[PDB]
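Visitor: File name model_9.tsv; file contents TSV, C-alpha atoms and all ligand atoms; full text below.
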```
chain	number	residue	atom	x	y	z
B	1	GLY	CA	125.33	78.91	55.97
B	2	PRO	CA	125.84	77.90	59.57
B	3	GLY	CA	124.13	80.56	61.68
B	4	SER	CA	123.21	81.54	65.22
B	5	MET	CA	119.50	81.15	65.87
B	6	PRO	CA	117.58	84.14	67.32
B	13	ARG	CA	113.97	73.87	71.19
B	14	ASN	CA	114.31	71.26	73.91
B	15	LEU	CA	117.99	71.32	74.89
B	16	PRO	CA	119.06	70.01	78.28
B	17	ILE	CA	119.15	72.71	80.97
B	18	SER	CA	122.26	72.25	83.07
B	19	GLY	CA	122.96	73.75	86.48
B	20	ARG	CA	124.55	73.22	89.83
B	21	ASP	CA	123.96	73.41	93.55
B	22	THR	CA	125.30	75.86	96.09
B	23	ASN	CA	127.91	73.34	97.29
B	24	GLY	CA	129.24	73.19	93.73
B	25	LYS	CA	127.92	69.88	92.46
B	26	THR	CA	127.11	70.27	88.76
B	27	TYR	CA	124.53	68.70	86.49
B	28	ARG	CA	124.26	68.11	82.79
B	29	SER	CA	120.44	68.37	82.91
B	30	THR	CA	117.43	68.90	85.20
B	31	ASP	CA	116.50	65.26	84.63
B	32	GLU	CA	119.83	64.20	86.11
B	33	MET	CA	119.32	66.58	89.08
B	34	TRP	CA	115.80	65.44	90.02
B	35	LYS	CA	117.10	61.83	90.04
B	36	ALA	CA	119.69	63.01	92.61
B	37	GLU	CA	117.44	65.24	94.66
B	38	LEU	CA	114.08	63.38	94.74
B	39	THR	CA	115.07	60.23	96.62
B	40	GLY	CA	113.13	58.62	99.46
B	41	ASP	CA	110.20	60.13	101.29
B	42	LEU	CA	110.07	63.70	99.93
B	43	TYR	CA	108.65	64.97	103.22
B	44	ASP	CA	111.40	63.51	105.43
B	45	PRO	CA	112.76	66.60	107.30
B	46	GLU	CA	116.42	65.61	106.91
B	47	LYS	CA	116.39	63.76	103.58
B	48	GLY	CA	113.33	64.97	101.72
B	49	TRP	CA	113.28	67.64	99.00
B	50	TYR	CA	110.09	69.13	100.45
B	51	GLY	CA	110.70	68.07	104.05
B	52	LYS	CA	114.04	69.85	104.30
B	53	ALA	CA	112.45	73.11	103.12
B	54	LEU	CA	109.59	72.88	105.61
B	55	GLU	CA	112.09	72.04	108.33
B	56	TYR	CA	114.15	75.06	107.34
B	57	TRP	CA	111.13	77.34	107.58
B	58	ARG	CA	110.04	75.91	110.93
B	59	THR	CA	112.72	78.01	112.64
B	60	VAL	CA	112.55	81.15	110.44
B	61	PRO	CA	111.08	84.06	112.45
B	62	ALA	CA	107.54	84.94	111.43
B	63	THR	CA	108.63	88.48	110.56
B	64	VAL	CA	109.00	90.50	107.37
B	65	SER	CA	112.77	90.15	107.77
B	66	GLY	CA	112.24	86.38	107.95
B	67	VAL	CA	110.21	86.11	104.75
B	68	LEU	CA	112.51	88.53	102.92
B	69	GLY	CA	115.68	86.68	103.91
B	70	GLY	CA	116.97	89.64	105.90
B	71	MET	CA	116.41	91.93	102.87
B	72	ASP	CA	113.67	94.01	104.54
B	73	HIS	CA	114.36	97.16	102.51
B	74	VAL	CA	113.28	95.66	99.18
B	75	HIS	CA	109.69	95.48	100.41
B	76	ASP	CA	108.41	98.88	99.26
B	77	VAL	CA	109.78	98.60	95.73
B	78	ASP	CA	108.53	95.02	95.44
B	79	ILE	CA	104.98	95.94	96.44
B	80	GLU	CA	104.85	99.01	94.14
B	81	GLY	CA	106.14	96.96	91.15
B	82	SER	CA	103.46	94.31	91.71
B	83	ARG	CA	100.72	96.92	92.11
B	84	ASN	CA	101.70	98.69	88.85
B	85	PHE	CA	102.01	95.34	87.04
B	86	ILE	CA	98.61	94.06	88.22
B	87	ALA	CA	96.99	97.43	87.39
B	88	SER	CA	98.09	96.98	83.81
B	89	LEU	CA	96.44	93.57	83.26
B	90	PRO	CA	93.46	93.83	80.86
B	91	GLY	CA	90.08	92.89	82.25
B	92	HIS	CA	91.59	91.59	85.51
B	93	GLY	CA	88.85	90.85	88.06
B	94	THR	CA	88.83	92.34	91.58
B	95	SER	CA	86.74	89.95	93.76
B	96	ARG	CA	88.75	87.06	95.10
B	97	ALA	CA	92.52	86.55	95.48
B	98	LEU	CA	94.73	83.71	96.78
B	99	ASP	CA	98.18	84.27	98.29
B	100	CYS	CA	100.17	81.02	97.84
B	101	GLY	CA	103.18	80.38	100.06
B	102	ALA	CA	101.85	83.42	101.94
B	103	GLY	CA	104.20	83.22	104.92
B	104	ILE	CA	103.08	85.92	107.37
B	105	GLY	CA	100.70	87.45	104.78
B	106	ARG	CA	102.98	90.29	103.63
B	107	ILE	CA	101.64	90.45	100.09
B	108	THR	CA	98.01	90.11	101.27
B	109	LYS	CA	98.47	92.79	103.95
B	110	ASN	CA	100.17	95.39	101.75
B	111	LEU	CA	98.68	94.73	98.30
B	112	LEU	CA	95.81	92.32	97.94
B	113	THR	CA	93.62	93.78	100.70
B	114	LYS	CA	93.69	97.09	98.76
B	115	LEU	CA	92.69	95.52	95.42
B	116	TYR	CA	90.48	92.48	96.14
B	117	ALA	CA	87.19	92.15	97.99
B	118	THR	CA	88.40	88.92	99.66
B	119	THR	CA	91.83	87.31	99.86
B	120	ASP	CA	92.54	83.68	100.91
B	121	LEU	CA	95.97	82.50	102.18
B	122	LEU	CA	97.80	79.22	101.52
B	123	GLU	CA	100.84	78.45	103.71
B	124	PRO	CA	102.16	75.11	105.03
B	125	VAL	CA	104.16	76.38	108.01
B	126	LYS	CA	102.02	76.65	111.11
B	127	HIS	CA	103.77	79.50	112.93
B	128	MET	CA	103.87	81.50	109.67
B	129	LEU	CA	100.13	81.03	109.05
B	130	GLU	CA	99.26	81.77	112.69
B	131	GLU	CA	101.17	85.03	112.59
B	132	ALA	CA	99.39	85.94	109.32
B	133	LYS	CA	96.06	85.53	111.16
B	134	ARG	CA	97.24	88.08	113.76
B	135	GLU	CA	98.74	90.48	111.24
B	136	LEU	CA	95.58	90.32	109.14
B	137	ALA	CA	93.04	90.80	111.93
B	138	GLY	CA	90.07	92.95	110.83
B	139	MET	CA	90.97	92.87	107.13
B	140	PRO	CA	89.08	91.50	104.06
B	141	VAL	CA	90.64	88.04	104.38
B	142	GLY	CA	88.81	84.73	103.90
B	143	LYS	CA	90.31	81.28	104.47
B	144	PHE	CA	93.67	80.41	106.07
B	145	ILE	CA	94.73	77.21	104.37
B	146	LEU	CA	97.43	75.18	106.12
B	147	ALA	CA	98.84	73.29	103.17
B	148	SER	CA	101.71	73.12	100.71
B	149	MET	CA	100.95	74.11	97.12
B	150	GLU	CA	101.61	70.59	95.87
B	151	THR	CA	99.01	69.09	98.28
B	152	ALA	CA	96.34	71.81	98.01
B	153	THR	CA	92.98	71.37	96.29
B	154	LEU	CA	91.55	74.58	94.85
B	155	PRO	CA	87.93	74.92	93.69
B	156	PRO	CA	87.31	75.73	90.02
B	157	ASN	CA	86.39	79.16	88.71
B	158	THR	CA	87.06	81.06	91.96
B	159	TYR	CA	90.00	83.44	91.84
B	160	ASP	CA	90.55	86.71	89.98
B	161	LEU	CA	94.20	86.62	91.14
B	162	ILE	CA	96.47	83.79	92.26
B	163	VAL	CA	99.74	85.05	93.69
B	164	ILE	CA	102.85	82.80	93.61
B	165	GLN	CA	105.81	84.88	94.79
B	166	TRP	CA	109.14	83.64	96.13
B	167	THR	CA	107.63	80.18	96.71
B	168	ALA	CA	107.63	78.18	93.46
B	169	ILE	CA	111.37	77.66	94.11
B	170	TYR	CA	110.28	74.89	96.55
B	171	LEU	CA	108.30	72.94	93.96
B	172	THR	CA	109.78	70.10	91.91
B	173	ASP	CA	109.32	70.69	88.19
B	174	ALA	CA	106.72	67.92	88.06
B	175	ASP	CA	104.73	69.58	90.86
B	176	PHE	CA	105.30	73.08	89.35
B	177	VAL	CA	103.68	71.83	86.16
B	178	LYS	CA	100.78	70.20	88.07
B	179	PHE	CA	100.20	73.16	90.34
B	180	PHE	CA	100.09	75.84	87.62
B	181	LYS	CA	97.54	73.81	85.63
B	182	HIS	CA	95.52	73.38	88.84
B	183	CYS	CA	95.69	77.15	89.46
B	184	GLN	CA	94.45	77.71	85.92
B	185	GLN	CA	91.21	75.81	86.57
B	186	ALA	CA	90.78	77.73	89.84
B	187	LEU	CA	90.74	81.05	87.93
B	188	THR	CA	87.65	82.94	86.87
B	189	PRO	CA	87.42	84.11	83.24
B	190	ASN	CA	88.93	87.47	84.35
B	191	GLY	CA	91.58	85.79	86.46
B	192	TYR	CA	95.35	85.64	86.20
B	193	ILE	CA	98.15	83.81	87.97
B	194	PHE	CA	100.54	86.45	89.21
B	195	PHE	CA	103.94	84.67	89.32
B	196	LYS	CA	106.86	86.66	90.76
B	197	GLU	CA	110.23	85.00	91.21
B	198	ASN	CA	114.00	85.20	91.06
B	199	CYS	CA	115.32	84.45	87.58
B	200	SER	CA	118.79	83.06	86.69
B	203	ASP	CA	120.10	79.64	81.30
B	204	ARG	CA	121.28	77.37	84.18
B	205	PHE	CA	119.58	76.48	87.46
B	206	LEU	CA	120.89	76.73	91.00
B	207	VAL	CA	119.76	74.30	93.70
B	208	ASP	CA	119.98	76.01	97.11
B	209	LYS	CA	121.09	73.24	99.48
B	210	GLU	CA	120.35	75.38	102.52
B	211	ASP	CA	116.54	75.73	102.14
B	212	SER	CA	116.00	72.90	99.56
B	213	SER	CA	114.84	75.02	96.62
B	214	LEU	CA	115.99	76.08	93.17
B	215	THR	CA	116.25	79.18	91.02
B	216	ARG	CA	115.39	78.64	87.40
B	217	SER	CA	115.90	80.60	84.17
B	218	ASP	CA	113.17	82.33	82.18
B	219	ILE	CA	113.52	79.60	79.50
B	220	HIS	CA	113.15	76.96	82.25
B	221	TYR	CA	109.93	78.65	83.57
B	222	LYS	CA	108.51	78.85	80.04
B	223	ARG	CA	109.24	75.19	79.40
B	224	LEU	CA	107.20	74.51	82.54
B	225	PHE	CA	104.42	76.93	81.51
B	226	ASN	CA	104.13	75.24	78.14
B	227	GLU	CA	103.90	71.81	79.77
B	228	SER	CA	101.21	73.19	82.11
B	229	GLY	CA	99.08	74.48	79.22
B	230	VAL	CA	99.35	77.96	80.70
B	231	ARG	CA	100.14	81.04	78.52
B	232	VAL	CA	102.10	84.21	79.25
B	233	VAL	CA	99.91	87.29	78.73
B	234	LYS	CA	102.34	89.78	80.19
B	235	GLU	CA	105.84	89.68	81.68
B	236	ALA	CA	108.25	92.23	83.13
B	237	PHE	CA	111.35	92.58	85.25
B	238	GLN	CA	110.95	94.41	88.54
B	239	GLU	CA	112.44	97.89	87.99
B	240	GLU	CA	114.67	99.59	90.56
B	241	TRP	CA	115.77	96.16	91.84
B	242	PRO	CA	119.17	96.03	93.63
B	243	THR	CA	121.79	95.06	91.11
B	244	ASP	CA	123.51	92.50	93.34
B	245	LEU	CA	120.36	90.38	93.72
B	246	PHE	CA	118.90	87.90	91.24
B	247	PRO	CA	116.63	89.71	88.82
B	248	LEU	CA	112.99	89.49	89.86
B	249	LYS	CA	110.54	88.71	87.04
B	250	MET	CA	106.75	88.97	87.04
B	251	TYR	CA	104.52	86.91	84.77
B	252	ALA	CA	100.76	87.24	84.25
B	253	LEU	CA	99.48	83.82	83.16
B	254	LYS	CA	96.10	82.53	81.94
J	301	LIG	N1	105.92	73.60	99.13
J	301	LIG	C1	105.43	74.77	99.54
J	301	LIG	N2	104.14	75.16	99.22
J	301	LIG	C2	103.63	76.36	99.67
J	301	LIG	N3	104.43	77.20	100.42
J	301	LIG	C3	105.71	76.82	100.73
J	301	LIG	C4	106.23	75.61	100.31
J	301	LIG	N4	107.51	75.50	100.78
J	301	LIG	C5	107.80	76.60	101.47
J	301	LIG	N5	106.69	77.42	101.46
J	301	LIG	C6	106.56	78.73	102.07
J	301	LIG	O1	106.99	79.72	101.16
J	301	LIG	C7	107.25	80.89	101.89
J	301	LIG	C8	108.48	81.57	101.28
J	301	LIG	SE1	108.89	83.32	102.11
J	301	LIG	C9	107.77	84.41	100.91
J	301	LIG	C10	106.42	84.65	101.56
J	301	LIG	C11	105.43	85.48	100.76
J	301	LIG	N6	105.10	84.80	99.48
J	301	LIG	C12	106.07	86.85	100.57
J	301	LIG	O2	106.57	87.16	99.49
J	301	LIG	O3	106.13	87.65	101.50
J	301	LIG	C13	107.40	80.45	103.33
J	301	LIG	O4	106.34	80.92	104.11
J	301	LIG	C14	107.38	78.94	103.32
J	301	LIG	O5	106.78	78.38	104.48
```
Using the file provided, produce a representation of the structure as structure tokens.
Guide:
Amino acid sequence: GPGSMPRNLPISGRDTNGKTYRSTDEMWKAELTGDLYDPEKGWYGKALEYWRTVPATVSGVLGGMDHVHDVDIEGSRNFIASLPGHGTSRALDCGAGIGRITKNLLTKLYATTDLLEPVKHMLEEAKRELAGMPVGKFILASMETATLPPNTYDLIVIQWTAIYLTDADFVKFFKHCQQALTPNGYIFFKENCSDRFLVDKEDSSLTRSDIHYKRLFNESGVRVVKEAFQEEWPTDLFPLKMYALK
């Protein structure tokens, strides 16, 4: 008979001012006008302009939620530990900010870690905070403009940063990360998780659902090997999900 199923439906959502959308396709037509890098009008530009004045401090990268740091880092460490045949040579910290993840996790697990961050005062502070540590290159670029060499990384970290990518560029970037992995490499993707999206009109970003992410992974040609919610996460915050992708 008629029955609930345990598909490519439109994903609706809204922004933080309360404008609503029937689909993501409708939203990107609204949000991706003009020069994307215009600081006042541009999807990307507005986000970069927002970050220009964020303090280069842990409080700054954690949106004033400093106290979630320890649990976040322990969850990632336990998750990465569990990945079968994960390599331990080279890592890349994408949207690195001041190098928090590199400083507290990657430098303990990888022989060399590179950093990718488009905001100059964030990247500069990372250089200072990471002085005398197993760090390689400091790449001043956005994810969507970065060129990564093939067959290089055993881990590619994308945490609290893919919210700034358009879906088109999310798809492109994850496929580009895939070719940058070694055979024992994984993308480590850690992000806030909504089945509707929320455009944040303050920092020009969006939070997507698990189904939305997976739609994008499928389009990228990238597969989920492992996934898990961050345990012991404050109940009032968006859930934080980790994905290991190959
Ligand atoms: N398009 C983009 N590509 C790469 N990084 C970006 C982009 N837009 C914003 N960012 C950066 O993303 C960072 C988000 Se704050 C999170 C920082 C770090 N991943 C951590 O968890 O500690 C900021 O440093 C900001 O400058």
Visitor: Using only C-alpha atoms and all ligand atoms, which protein or nucleic acid residues are at most 7 Å from ligand LIG 301 (chain J), as a PyMOL selection string?
Guide: chain B and resi 50+53-54+57+67-68+100-107+122-125+128+147-150+164-167+170-171
Visitor: Under the rule that all atoms listed in the file are counted, which of B:210, B:227, B:244, B:55 is the nearest residue to residue 179 in chain B?
Guide: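 With all atoms listed in the file as the atom set, the closest residue is B:227.
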Visitor: Quick one: pull the distance between CA of residue 209 in chain B and CA of residue 56 in chain B, Å, one decimal.
Guide: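 A separation of 10.6 Å between them.
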Visitor: B:78, B:5, B:157, B:172: which is nearest residue 207 in chain B, counting all atoms listed in the file?
Guide: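 Counting all atoms listed in the file, the residue closest to residue 207 in chain B is B:172.
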Visitor: Counting all atoms listed in the file, which residue out of B:37, B:160, B:21, B:46 sits closest to residue 189 in chain B?
Guide: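 Smallest distance to residue 189 in chain B is found for B:160.
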Visitor: Determine the nearest neighbour of residue 16 in chain B from the options B:130, B:240, B:182, B:223, counting all atoms listed in the file.
Guide: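 Using all atoms listed in the file, the shortest distance to residue 16 in chain B belongs to B:223.
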Visitor: For residue 134 in chain B, which residue among B:212, B:95, B:254, B:109 is the nearest when counting only C-alpha atoms?
Guide: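 The answer is B:109, which sits nearest to residue 134 in chain B.
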Visitor: Could you tell me how far CA of residue 20 in chain B sits from CA of residue 206 in chain B, in Å to one decimal place?
Guide: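 Here the two named atoms are 5.2 Å from each other.
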Visitor: Select, from B:204, B:113, B:169, B:226, the residue with the minimum atom-to-atom distance to residue 28 in chain B, counting only C-alpha atoms.
Guide: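 Nearest candidate to residue 28 in chain B out of B:204, B:113, B:169, B:226: B:204.
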Visitor: I want to know what sits within 8 Å of residue 161 in chain B, based on all atoms listed in the file, with residues of the same chain fewer than 6 positions away left out; could you give that as a PyMOL selection string?
Guide: chain B and resi 92-94+96-98+187+191-194
Visitor: Which value, in Å to one decimal, gives the distance between CA of residue 205 in chain B and CA of residue 247 in chain B?
Guide: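 It comes out at 13.6 Å.
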